[PDB]
């Protein structure tokens, strides 16, 4: 029969299309494997950085509490010191005045 | 007694310090009220933007699903169409060849 | 003297009033500081939120344009498929009929 | 003819093989796309994380410097308070003793 090569040509075209699509599929498989691998890598990085951040925040909380306490202690100590100095000076002047008062009052 | 004004002076100094510290306290009260008010405002903004973001993410998920489906339908339809065209052409040529085959084969 | 004793009482009352006022004001200042840090922290968190939402929404709009394009394409393809299907069926049956005719 | 029928079978098998391959590859491409968006999304989230951590840690170091300064200051003040306390007590008792002396 005359028409065998018509069929063989059309089959050849279909075969070419199939083979291209199979190659494409292999490429897409590799590409998806690379991408998924990336998703896992960046996911891991993200989570680890969450934990590092959280520990940093907690550490900050602790040290800021310590600082607040230290500032309160410094404030109170400075107030006590200022009171001591002021009272020393006042009592110095006043007491010298008492000595005068006594030497003159005796007369 | 001579030394009343010494005491009155020191008392005056202490009174001045007290009054300054009271004024300072009033200012600090106002300042803390302003700050707390800000903390509430920015907290509210933050939370509302969380909710807006979340709704945006969900909406995105939905529309991306719809797009994926639409792309799959387009792919399949395009494949079916290409098949139809290719088969039409092939059958056209082949059938004309069958007509020739018959007119010559009869002879 | 007695009078001097009274003056002493007032002195000490003012000393303690100072101490109390300094401590209280220090505590208030710490409240202000921590509240500051909290406001700034909430503004950073918020900024991150508007960034994430920015990317999301922009991507959404893009995907709306894509979806419209894909739907229009789908309708078009359905039309074309219909036409080519009718045409193919015609072709097949017509050729077969011609075969019958020439064989008779 | 029979032979032509066999060829037909192969043809249709290839047509369906095409359809299957196109669909499968499309699904894989969608998987790749969504995975892309997920990787990019995780990198944005991560970047935000390193920003927050940046602010936190820097603030920490600053607060370490402050804490050291405050502790050193505290020790210094304690020393000064001690000295001035001894000095005040001396002053008071000495003046009182002098009073006793002059009165005698």
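Residue numbers (the authors' numbering), protein chains in the order written: chain A, 225 to 331; chain A', 225 to 331; chain B, 193 to 296; chain B', 193 to 296. A prime marks a further copy of an entry chain. Quick reminder that beta carbons are idealized off the backbone N, C-alpha and C, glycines included.
Checklist line | Contact check, residue 273 of chain A vs residue 242 of chain B', beta carbons under 8 Å | finding: yes
Notebook entry, point to check: Where does residue 225 of chain A sit, in a helix, a strand or coil, going by DSSP?
Noted result: Coil, per DSSP.
Margin query: For a test of the three-state rule: what should DSSP assign to residue 217 of chain B, helix, strand or coil?
Written below: helix
Margin query: Given this structure, state the Cα-to-Cα distance separating residue 240 of chain A' from residue 231 of chain A', to the nearest angstrom.
Written below: C-alpha separation (whole angstroms): 14 Å.
Next item on the list: Output the distance between the C-alpha atoms of residue 280 of chain B and residue 251 of chain A, rounded to the nearest integer angstrom.
Entry: 35 Å
Margin query: Under 8 Å, Cβ to Cβ, is there at least one residue of chain A' near residue 295 of chain A?
Written below: no
Note to self: I want to see whether chain B comes within less than 8 Å of residue 303 of chain A, judged by CB atoms only; does it?
What the structure shows: Judged by the 8 Å Cβ criterion, residue 303 of chain A is in contact with chain B.
Next item on the list: Report the three-state DSSP secondary structure of residue 296 of chain B (helix, strand or coil).
Entry: Of the three classes helix, strand and coil, the one that applies to residue 296 of chain B here is coil, per DSSP.
Next item on the list: Could you name the residues of the stretch 200-216 of chain B' whose beta carbon sits closer than 7 Å to any beta carbon of chain A', in the order they occur along the chain?
Entry: For chain A', the residues of the stretch 200-216 of chain B' that bring a beta carbon within less than 7 Å of one of its beta carbons are 207, 210, 211, 214, 215, in chain order.
Next item on the list: Answer yes or no: does any C-beta atom of chain B fall closer than 8 Å to that of residue 246 of chain A'?
Entry: yes
Checklist line | Residue-level contact to chain A via CB, residue 245 of chain B', 8 Å cutoff | finding: Closer than 8 Å to some Cβ of chain A, the Cβ of residue 245 of chain B' qualifies, so yes.
Item checked: Reduced DSSP category for residue 331 of chain A' - H, G, I as helix; E, B as strand; rest coil -> coil
Check: So which residues on chain B' does residue 296 of chain B lean against when the C-beta distance must stay under 7 Å?
Finding: What residue 296 of chain B touches in chain B': nothing, since even the nearest Cβ is about 20 Å away.
Notebook entry, point to check: Mind checking residue 322 of chain A: buried by the 16 CB within 10 Å criterion, or exposed?
Noted result: buried
Notebook entry, point to check: Using CA coordinates, which residue listed in A/314, A/295, A/324 is at the minimum distance from residue 223 of chain B?
Noted result: The residue from A/314, A/295, A/324 with its alpha-carbon nearest to that of residue 223 of chain B is A/295.
Notebook entry, point to check: Hey, residue 234 of chain A and residue 314 of chain A': beta-carbon distance below 8 Å or not?
Noted result: Yes, the pair counts as a contact, with Cβ atoms nearer than the cut-off.
Margin query: Whole angstroms are fine: how far does the CA of residue 271 of chain A sit from the CA of residue 244 of chain B'?
Written below: 14 Å
Margin query: Pop quiz: residue 287 of chain A and residue 256 of chain B' are said to be a contact at Cβ under 8 Å. What is the actual Cβ separation, rounded to whole angstroms?
Written below: Correct: roughly 7 Å between the Cβ atoms.
Next item on the list: Spell out a yes or no on whether the stretch 214-222 of chain B' and the stretch 206-215 of chain B are touching, meaning 3 or more CB-CB pairs, one atom from each, closer than 8 Å.
Entry: In this structure the stretch 214-222 of chain B' does not touch the stretch 206-215 of chain B; the number of beta carbon pairs closer than 8 Å is below three.
Margin query: Between the alpha carbons of residue 298 of chain A' and residue 238 of chain A, how many angstroms are there, rounded?
Written below: 21 Å
Next item on the list: Please confirm if residue 282 of chain A' has its CB atom under 8 Å from at least one CB of chain B'.
Entry: no
Check: Measuring CB to CB, does residue 240 of chain B' end up less than 8 Å from residue 240 of chain B?
Finding: yes
Notebook entry, point to check: Comparing the C-beta of residue 251 of chain B with each C-beta of chain A', is any distance below 8 Å?
Noted result: yes
Notebook entry, point to check: Any residues in the stretch 221-234 of chain B' with a beta carbon nearer than 7 Å to a beta carbon of chain A? Which ones, in chain order?
Noted result: 221, 223, 224, 227, 228, 230, 231, 234
Checklist line | Helix, strand or coil at residue 193 of chain B [DSSP, three-state] | finding: coil
Notebook entry, point to check: Out of curiosity, what's the CA-to-CA distance linking residue 303 of chain A' and residue 199 of chain B'?
Noted result: So the alpha carbons of these two residues sit roughly 22 Å apart.
Check: If you measure from the beta carbon of residue 237 of chain B to each beta carbon in chain A', is any gap under 8 Å?
Finding: yes
Check: Nearest-angstrom Cα distance between residue 255 of chain A' and residue 231 of chain B?
Finding: 13 Å
Checklist line | Integer-rounded CB distance, given that residue 220 of chain B should sit under 8 Å from residue 253 of chain A' | finding: 7 Å
Next item on the list: Can you grab the Cα-Cα spacing for the pair residue 275 of chain B / residue 264 of chain B, in whole Å?
Entry: 17 Å
Checklist line | Min CB distance residue 314 of chain A' to chain B below 8 Å | finding: No, residue 314 of chain A' does not count as interfacial toward chain B.
Check: Under a CB-based cut-off of 8 Å, is residue 264 of chain B close to chain A'?
Finding: No, its Cβ sits nowhere closer than 8 Å to a Cβ of chain A'.
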